[PDB]
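Asks: As you go down the protein sequences, you meet chains L, A, B and H in turn.
One point on numbering: in the entry's author numbering, the residue at position 20 of the first sequence is 20, and numbering is uninterrupted.
So the second sequence is residues 82 to 169, 169A, 170 to 331, 333 to 387, 389 to 412, 412A to 412B, 413 to 468, counted in the entry's author numbering.
So the third sequence is residues 82 to 169, 169A, 170 to 331, 333 to 387, 389 to 412, 412A to 412B, 413 to 468, counted in the entry's author numbering.
So the fourth sequence is residues 1 to 52, 52A, 53 to 82, 82A to 82C, 83 to 100, 100A to 100D, 101 to 112, counted in the entry's author numbering.
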Amino acid sequence: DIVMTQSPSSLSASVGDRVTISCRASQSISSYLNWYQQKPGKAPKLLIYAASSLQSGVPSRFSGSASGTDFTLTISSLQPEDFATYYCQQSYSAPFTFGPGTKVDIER
Amino acid sequence: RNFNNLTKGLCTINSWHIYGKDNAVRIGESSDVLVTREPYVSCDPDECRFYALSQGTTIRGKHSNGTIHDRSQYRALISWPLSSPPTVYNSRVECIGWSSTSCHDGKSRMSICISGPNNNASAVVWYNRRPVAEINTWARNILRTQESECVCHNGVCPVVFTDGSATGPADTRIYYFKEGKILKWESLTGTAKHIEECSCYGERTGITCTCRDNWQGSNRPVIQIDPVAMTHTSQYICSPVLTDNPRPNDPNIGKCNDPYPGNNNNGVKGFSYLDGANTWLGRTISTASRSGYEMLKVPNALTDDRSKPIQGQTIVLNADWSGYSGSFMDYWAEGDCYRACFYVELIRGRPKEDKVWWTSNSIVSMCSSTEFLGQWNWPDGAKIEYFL
Amino acid sequence: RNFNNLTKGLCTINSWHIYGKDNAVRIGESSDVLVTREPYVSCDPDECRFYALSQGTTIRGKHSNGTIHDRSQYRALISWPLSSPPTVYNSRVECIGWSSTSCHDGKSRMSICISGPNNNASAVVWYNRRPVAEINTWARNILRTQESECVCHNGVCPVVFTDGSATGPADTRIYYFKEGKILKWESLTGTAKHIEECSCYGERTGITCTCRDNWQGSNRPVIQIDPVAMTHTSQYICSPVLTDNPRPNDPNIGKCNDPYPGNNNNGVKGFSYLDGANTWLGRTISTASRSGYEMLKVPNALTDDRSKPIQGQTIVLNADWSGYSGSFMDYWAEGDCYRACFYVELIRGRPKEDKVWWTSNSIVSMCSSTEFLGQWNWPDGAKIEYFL
Amino acid sequence: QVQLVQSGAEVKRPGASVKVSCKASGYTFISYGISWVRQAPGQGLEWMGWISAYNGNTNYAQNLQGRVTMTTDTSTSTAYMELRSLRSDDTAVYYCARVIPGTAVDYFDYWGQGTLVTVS
Ligand SMILES: *[C@@H]1O[C@H](CO)[C@@H](O[C@@H]2O[C@H](CO)[C@@H](O[C@@H]3O[C@H](CO[C@H]4O[C@H](CO[C@H]5O[C@H](CO)[C@@H](O)[C@H](O)[C@@H]5O)[C@@H](O)[C@H](O[C@H]5O[C@H](CO)[C@@H](O)[C@H](O)[C@@H]5O)[C@@H]4O)[C@@H](O)[C@H](O[C@H]4O[C@H](CO)[C@@H](O)[C@H](O)[C@@H]4O[C@H]4O[C@H](CO)[C@@H](O)[C@H](O)[C@@H]4O[C@H]4O[C@H](CO)[C@@H](O)[C@H](O)[C@@H]4O)[C@@H]3O)[C@H](O)[C@H]2NC(C)=O)[C@H](O)[C@H]1NC(C)=O
Ligand SMILES: *[C@@H]1O[C@H](CO)[C@@H](O[C@@H]2O[C@H](CO)[C@@H](O[C@@H]3O[C@H](CO[C@H]4O[C@H](CO[C@H]5O[C@H](CO)[C@@H](O)[C@H](O)[C@@H]5O)[C@@H](O)[C@H](O[C@H]5O[C@H](CO)[C@@H](O)[C@H](O)[C@@H]5O)[C@@H]4O)[C@@H](O)[C@H](O[C@H]4O[C@H](CO)[C@@H](O)[C@H](O)[C@@H]4O[C@H]4O[C@H](CO)[C@@H](O)[C@H](O)[C@@H]4O[C@H]4O[C@H](CO)[C@@H](O)[C@H](O)[C@@H]4O)[C@@H]3O)[C@H](O)[C@H]2NC(C)=O)[C@H](O)[C@H]1NC(C)=O
Ligand SMILES: *[C@@H]1O[C@H](CO)[C@@H](O[C@@H]2O[C@H](CO)[C@@H](O)[C@H](O)[C@H]2NC(C)=O)[C@H](O)[C@H]1NC(C)=O
Ligand SMILES: *[C@@H]1O[C@H](CO)[C@@H](O[C@@H]2O[C@H](CO)[C@@H](O)[C@H](O)[C@H]2NC(C)=O)[C@H](O)[C@H]1NC(C)=O
Ligand SMILES: *[C@@H]1O[C@H](CO)[C@@H](O)[C@H](O)[C@H]1NC(C)=O
Ligand SMILES: *[C@@H]1O[C@H](CO)[C@@H](O)[C@H](O)[C@H]1NC(C)=O
């Protein structure tokens, strides 16, 4: 059982308001963690791979890092278009698993 | 004399040191320095010289306007003394053409130049400064070659040629030459999918070439050539460290028998030294454009798809401009191993600087050492403002 | 051939005569003459050449602005024929770095260049125009060397290196090289307290070097080197005649095992020939700045702390500009003794002339004779106005 | 342009099997691996399995074993996945995706639009 959690499970922020989303693996997965973005009705999109490598075509506002088994995804400003559920994937070993996902909603 | 025989191994590489630098662009501000591009370095038994393709005009002249083109047919391969600028009054012409390669086999020098239209192109092979043999075009689409030093063994000098679409499955041939004559040629084999602009060095019998894939990926192809057998194979460097430009950000796991995707139809010439734990890779620093340059020590990069750097050295800052790079060796030097060396083209002017109508380059080169030496970056140092 | 062996003695010196002069600054007014500094002279068995550190630009160009700096890393050691200007179209590059030394051992030439940052600096030793060996920095503060011809005996060429604060007890090492390899090195010993920029000549077995003390005084230090034993000692020149610049006005009694005070943290490279009653010292004329230049005959200056001049010759007037000076000898010349020679750098431009943004030098050199010849001063002769 | 195109939605009764295709375009099919995930309504992504690019060795999620198989047709550049003995809780959108090493898993970068399978 390759275990990972997300924190916050949910959050919200005003557009332009910088946020951070974390994932915590039980196991020492090292760099083998990818981040996905999913919008309703769509297949998940990729943002970051191998802990901190940004995927080409992904806006520069996205970045991330890791320490121990704690991985984070963050943004610079919050884009009107990046409200989505974010997920971490543990690619370290089969079975490959995902965290439950973190939903960022819009602050009201 | 006799022919050079590749019997020694490669020296341990702990660090790199300055070998040469011409400062051609700075000098050219007020002197008769030729506009050049696509340099390489080559050494004869008693001399090292710089080679480059000249545009037939000085930087400061009016015919430098528009030298951005890769062929004008006013282009020629010239040679001048190590670390001197390529001036109009000290250069020797080796041959004429828009694409070339050259080397010394221990008795004399071979030079190959490609000239003509993109369709009815042709290559002329020179030896000992006389034309000897010619090769016509076969796929009818830009015959092109290495732009680097060739390596000979016992008189045999393998040369890589490409002919065909640069964004598709162009064909490839390897020719084996001796004293300018053609002894054999082979169609490309192995698992590499697209090859252009190979950089080669010899070691302890056998030639290793790092080439570029301009079609499908950032993991440069490698050709392994046996000059005695006149046979070869090919594959990609397995390491997750990507070396082309533009390139994807590095993955955890690389690929070996298939190109690594994300940046299609592009790339820059480069090199590597593949020697197990003594393996070093060169690359640009920026992933977006041709700037910066660094050397990374990456054990077993050729075969280990999870290998990572354990050391490195900065040559050019990402704040500076870079360009094509490649390898060379002095095969007549005394000692029990060959000292690896490399060069980097530093491009100034167009296409990045719009304040001038020309494009030109400076040359910086480095050689390895077994000592751990300190580091310094090497900008070309020209002020573009002085040309404006 | 074979190696040069220092078996002959020094010729009697009665007077000095012109050996060479390039007039580089005057010529450079309207020609492609490189900006240089810190020259020296060296001779191979059949040729004498000038050596200097180039700033990578011509005097008249726009990159000459700011060449006042001692290192830009666009700097290289170049060599050109005796008495010709250091032009861009006739110079050969020996090596790259901001500090250097070189000499011929009878079979081939050794050249050493120091490059890189002030911290992670390094030296590369070249021989027969190939890199051979390297030395890293040890005190981490400006590795630096002689800026003069080195002297070899039976293949062994001692070289002095300094690393450390220029206003404090910097360390010092002497390396013994053969064919570019390091055979030995020693920490500095004897009573000299600070050593930089040594000027050396060989005679009747043994090498004498006059060096500079940039920390505590005007009585230049001397290193006495035995190239066979690879051992050395040191002391100061005892004579009351002071030779550095800036310097105190001369006392009646000098010092031998301790620097002579009054002008701290400064000085200029210079030389002497120490030979008992055939002893000659060189120095600037002004005590306040680097102007003028004269030779004084001062018997037993090395050991007699009350010795005074008994003869002399003016080379440069105090009305002219001077610069670094040093010694050299042709060790392949026919005859029963070595003819002593020396050179003087004539600096023009910044930091003394604010009308230009560059700094540059001309070279004047002299050789001894047994005859009593007349004298003439030798200004560089450039009009600064023509560059304004 | 790399694309992955999946079969449209289907409804099955429990005990039935369903086969979902995923056609590849824009790249060499056999050089990349294929994997599947499923997303039950309101849920995250459950990995189904991964099939290797050159030999089809496969690797199935443990909770699905005995009901799931994967196969590819290299002549049509199309991947297939099949579930057997369906239950109402297998309702999910099934997605196909491409993996960069085709011999190892490290980053699934291309995704199909998803196939909705309803079991009732
Ligand atoms: C005087 O000169 C000397 C000589 O030049 C100077 O010393 C040099 O200083 C430079 C500084 O840049 C170093 O280069 C970097 O090296 C790191 C790798 O670190 C290695 O060395 C560490 C040193 O300690 C040990 O070795 C020394 C060697 O003698 C020894 O003395 C000491 O006692 C000790 O033994 C090691 O600790 C380290 O290993 C550790 O970590 C391993 C990780 O898994 C672990 O396995 C080991 O067990 C151990 O724990 C290792 O050996 C390089 O990473 C770095 O390169 C990155 O950063 C530069 C900075 O600009 C960048 O240009 C490179 O491209 C690269 O950048 C990364 O991020 C980019 C962001 O976009 C990305 O694009 C890049 O692709 C790259 O991506 C990252 O992630 C991907 C994917 O996950 C991954 O593939 C990439 O590799 C990378 O991680 C530099 O190379 C010199 O090595 C060092 N040389 C020597 C001989 O010391 C000295 O400082 C000078 N002094 C002064 C005063 O100036
Ligand atoms: C054609 O060419 C020839 C060849 O070049 C020309 O002849 C040369 O003319 C120059 C003129 O400058 C002379 O240079 C000066 O020499 C004096 C020293 O004098 C010596 O020579 C005298 C000559 O007579 C004897 O020798 C000749 C040689 O063949 C022989 O032919 C003749 O028959 C006779 O034998 C000697 O008399 C004298 O010794 C005497 O005094 C001794 C003192 O104690 C005594 O012991 C002896 O017994 C005897 O009594 C001696 O041998 C140098 O002093 C002078 O240098 C000073 O002046 C110059 C001028 O600018 C300056 O640049 C120097 O730095 C130095 O300046 C002093 O003052 C400065 C003020 O700030 C200070 O900063 C300096 O440091 C220095 O300081 C003084 O005090 C300190 C401290 O106390 C002390 O240490 C210093 O030494 C100094 O005292 C010049 O060197 C040539 O020597 C001469 N050469 C020859 C071969 O003749 C000829 O003229 C040309 N013809 C034409 C038409 O142009
Ligand atoms: C370099 O050649 C170009 C091409 O002829 C020159 O630019 C042209 O200048 C004329 C002047 O009226 C304009 O009408 C054209 O539209 C310009 N063409 C382009 C492409 O801009 C250019 O000035 C030349 N540069 C130098 C330094 O001679
Ligand atoms: C040499 O470089 C200096 C440094 O840039 C130039 O001097 C500057 O000229 C600008 C012109 O507005 C002034 O604002 C700066 O204050 C100047 N700097 C200094 C230090 O004076 C100088 O003109 C250049 N000289 C030449 C001949 O090109
Ligand atoms: C190079 O190796 C071949 C192997 O047969 C040998 O015949 C040839 O003479 C060698 N060349 C030299 C210069 O030793
Ligand atoms: C130089 O002197 C040494 C002393 O042993 C001698 O062996 C050597 O051959 C001499 N060199 C020449 C060129 O005579």
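Beta carbons: idealized from backbone N, C-alpha and C, even for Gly.
What residues of chain H sit near residue 97(L), judged by a beta carbon separation below 8 Å?
Replies: Position 97 of the first sequence, counted from the start, is the residue given in the question as residue 97(L). The answer, in chain order, is 47.
Asks: With H, G and I counted as helix, E and B as strand and the rest as coil, what does DSSP make of residue 464(A)?
Replies: Reading the second sequence from its first residue, position 384 is the one you call residue 464(A). In the structure shown, residue 464(A) sits in a helix (DSSP, three-state: H, G or I).
Asks: What is the rounded straight-line gap between the Cα of residue 240(A) and the Cα of residue 194(A)?
Replies: Position 160 of the second sequence, counted from the first residue, corresponds to residue 240(A). Position 114 of the second sequence, counted from the first residue, corresponds to residue 194(A). The straight-line gap from Cα to Cα measures roughly 13 Å.
Asks: Quick check: residue 266(A) and residue 233(A), are their CB atoms within less than 8 Å of each other?
Replies: Along the second sequence, read from residue 1 onward, the residue named residue 266(A) stands at position 186. Along the second sequence, read from residue 1 onward, the residue named residue 233(A) stands at position 153. Result no, Cβ atoms of residue 266(A) and residue 233(A) do not sit closer than 8 Å.
Asks: Hey, is residue 435(B) close to ligand 4, as in C-beta under 7 Å from one of its heavy atoms?
Replies: As a working note, residue 435(B) is residue 355 in the third sequence. Every heavy atom of ligand 4 is 7 Å or more from the Cβ of residue 435(B), so no.
Asks: Between which two residues does the beta strand (DSSP E) containing residue 172(A) stretch?
Replies: Within the second sequence, numbered from 1, the residue matching residue 172(A) stands at position 92. 172-176 is the extent of the beta strand (DSSP E) around residue 172(A).
Asks: Within this structure, are the beta carbons of residue 89(A) and residue 421(A) separated by less than 8 Å?
Replies: Working through the second sequence from its first residue, we reach residue 89(A) at position 8. Working through the second sequence from its first residue, we reach residue 421(A) at position 341. Cβ distance not < 8 Å, so residue 89(A) and residue 421(A) don't count as in contact.
Asks: If I follow the unbroken beta strand (DSSP E) through residue 20(H), where does it start and stop?
Replies: Along the fourth sequence, read from residue 1 onward, the residue named residue 20(H) stands at position 20. From DSSP, the beta strand (DSSP E) with residue 20(H) extends over 18-25.
Asks: Tell whether a beta-carbon distance below 8 Å holds between residue 412(A) and residue 91(A).
Replies: In the second sequence, residue 412(A) corresponds to position 330, counting from 1. In the second sequence, residue 91(A) corresponds to position 10, counting from 1. No, they are not a contact pair.
Asks: Which residue marks the beginning of the beta strand (DSSP E) containing residue 105(A), and which one marks its end?
Replies: Residue mapping note: residue 105(A) aligns to position 24 of the second sequence, counting from 1. Per DSSP, residue 105(A) belongs to no beta strand (DSSP E); it is in the alpha helix (DSSP H), 105-108.
Asks: Listing by chain order, which chain L residues have their CB less than 7 Å from the CB of residue 5(H)?
Replies: Here residue 5(H) refers to the residue found at position 5 when the fourth sequence is read from its first residue. Proximity of chain L to residue 5(H) at the Cβ level (cut-off 7 Å) is not reached, the minimal Cβ distance being about 11 Å.
Asks: Measuring alpha carbon to alpha carbon, tell me which residue in 439(A), 452(A) and 456(A) is nearest residue 464(A).
Replies: Counted from its first residue, the second sequence places residue 464(A) at position 384. Ranking 439(A), 452(A) and 456(A) by CA distance to the CA of residue 464(A) puts 439(A) first.
Asks: If contact is defined by three or more beta carbon pairs under 8 Å, each pair taking one atom from either stretch, is the stretch 256-276 of chain A in contact with the stretch 310-324 of chain A?
Replies: yes
Asks: Name, in chain order, the residues that DSSP records as bridge partners for residue 122(B).
Replies: Within the third sequence, the letter at position 41 stands for residue 122(B). Residue 122(B) is bridged to 131(B).
Asks: Comparing C-alpha positions only, which one of 118(A), 282(A) and 136(A) sits nearest to residue 307(A)?
Replies: Within the second sequence, residue 307(A) is the residue found at index 227, counting from 1. Of the candidates 118(A), 282(A) and 136(A), 282(A) places its Cα closest to the Cα of residue 307(A).
Asks: Going by C-alpha to C-alpha distance, which of 333(A), 297(A) and 177(A) sits closest to residue 151(A)?
Replies: Taking the second sequence and counting its residues from 1, one reaches residue 151(A) at position 70. For the residues 333(A), 297(A) and 177(A), the minimum Cα distance to residue 151(A) belongs to 177(A).
Asks: Would you please verify whether the beta carbon of residue 86(L) is less than 8 Å from any beta carbon of chain A?
Replies: The residue given as residue 86(L) occupies position 86 in the first sequence. In terms of beta-carbon proximity, residue 86(L) stays away from the interface with chain A, with every pair separated by 8 Å or more.
Asks: Going by DSSP, what residue range makes up the beta strand (DSSP E) through residue 438(A)?
Replies: Reading the second sequence from its first residue, position 358 is the one you call residue 438(A). Counting along the chain, residue 438(A) falls outside any beta strand (DSSP E), and DSSP gives it neither H nor E.
Asks: Taking 8 Å as the threshold, find out whether the stretch 191-209 of chain B comes into contact with the stretch 92-108 of chain A through three or more Cβ pairs.
Replies: yes
Asks: Check whether the Cβ atoms of residue 107(H) and residue 9(H) lie closer than 8 Å to each other.
Replies: Here residue 107(H) refers to the residue found at position 115 of the fourth sequence. Here residue 9(H) refers to the residue found at position 9 of the fourth sequence. Contact flag set, yes.
Asks: Run down chain L in chain order and give the residues with a C-beta less than 7 Å from the C-beta of residue 343(A).
Replies: Here residue 343(A) refers to the residue found at position 262 of the second sequence. Those within 7 Å of residue 343(A) in chain L are 56.
Asks: So, using beta-carbon positions, are residue 444(B) and residue 456(B) closer together than 8 Å?
Replies: Within the third sequence, numbered from 1, the residue matching residue 444(B) stands at position 364. Within the third sequence, numbered from 1, the residue matching residue 456(B) stands at position 376. Taking 8 Å as the Cβ cut-off, residue 444(B) and residue 456(B) do not qualify as a contacting pair.
Asks: If I measure Cβ to Cβ from residue 48(L) and keep anything under 8 Å in the same chain, skipping five residues before and after, which residues do I get?
Replies: Here the question's residue 48(L) lines up with position 48 in the first sequence. Around residue 48(L): 34, 35, 54, 55, 58, 62, 63, 64 and 73.
Asks: Check whether the stretch 397-404 of chain B touches the stretch 421-430 of chain B, counting contact only when three or more Cβ pairs, one atom from each stretch, lie closer than 8 Å.
Replies: yes
Asks: Does residue 96(L) pass the burial test, meaning 16 or more other C-beta atoms within 10 Å, or should it be called exposed?
Replies: The residue labelled residue 96(L) in the question sits at position 96 within the first sequence. Buried.
Asks: Use the C-beta contact count for residue 326(A): other C-beta atoms within 10 angstroms, 16 or more gives buried, fewer gives exposed.
Replies: Residue numbering aside, residue 326(A) sits at position 246 when the second sequence is read from its first letter. Residue environment for residue 326(A): buried (at least 16 other C-beta atoms within 10 angstroms of its C-beta).
Asks: May I ask you to check if the CB of residue 147(A) is nearer than 7 Å to at least one heavy atom of ligand 3?
Replies: Your numbering for residue 147(A) matches position 66 in the second sequence. Under cutoff, so the answer is yes.
Asks: Among the candidates 353(A), 399(A), 183(A) and 110(A), whose CA atom is the shortest distance from the CA of residue 377(A)?
Replies: In the second sequence, counting from the first residue as 1, residue 377(A) sits at position 296. Out of 353(A), 399(A), 183(A) and 110(A), 353(A) has the C-alpha closest to the C-alpha of residue 377(A).
Asks: State the start and end residues of the unbroken beta strand (DSSP E) segment that holds residue 257(A).
Replies: If you number the second sequence from 1, residue 257(A) lands on position 177. Segment 251-258, the beta strand (DSSP E) holding residue 257(A).
Asks: List, in chain order, every chain A residue whose beta-carbon is nearer than 8 Å to that of residue 53(L).
Replies: As a first step, residue 53(L) must be located in the first sequence, where it is residue number 53. Within chain A, the residues near residue 53(L) are 328, 329, 330 and 331.
Asks: When you compare each of 157(B), 187(B) and 161(B) to residue 180(B) by their alpha carbons, which one comes out closest?
Replies: For this step, residue 180(B) is matched to residue 100 along the third sequence. Of the listed residues, the one whose Cα sits closest to residue 180(B) is 157(B).
Asks: Within 10 angstroms of its Cβ, does residue 295(B) collect 16 or more other Cβ (buried), or is it exposed?
Replies: Sequence index remark: in the third sequence, residue 295(B) carries index 215 (1-based). It is buried - the Cβ of residue 295(B) has at least 16 other Cβ atoms within 10 Å.
Asks: Quick one: which residues of the stretch 30-47 of chain L get their C-beta closer than 9 Å to a C-beta of chain A? List them in chain order.
Replies: 30, 31 and 32
Asks: With a threshold of 8 Å on Cβ separation, who are the neighbours of residue 166(B) within its own chain once the five nearest residues in sequence on each side are excluded?
Replies: As a first step, residue 166(B) is located in the third sequence; it is residue number 85 there, counting from the start. Correct list, in chain order: 103, 104, 105, 108, 109, 112 and 114.
Asks: Less than 8 Å between the C-beta atoms of residue 140(B) and residue 116(B), yes or no?
Replies: The count along the third sequence starts at 1 and reaches residue 140(B) at position 59. The count along the third sequence starts at 1 and reaches residue 116(B) at position 35. Yes; because the gap between Cβ atoms is below 8 Å, this pair is in contact.
Asks: How many Å lie between residue 89(L) and residue 60(L) at the Cα?
Replies: Locating residue 89(L) in the first sequence gives position 89, counting from the first residue. Locating residue 60(L) in the first sequence gives position 60, counting from the first residue. Straight-line Cα distance between these residues: approximately 21 Å.
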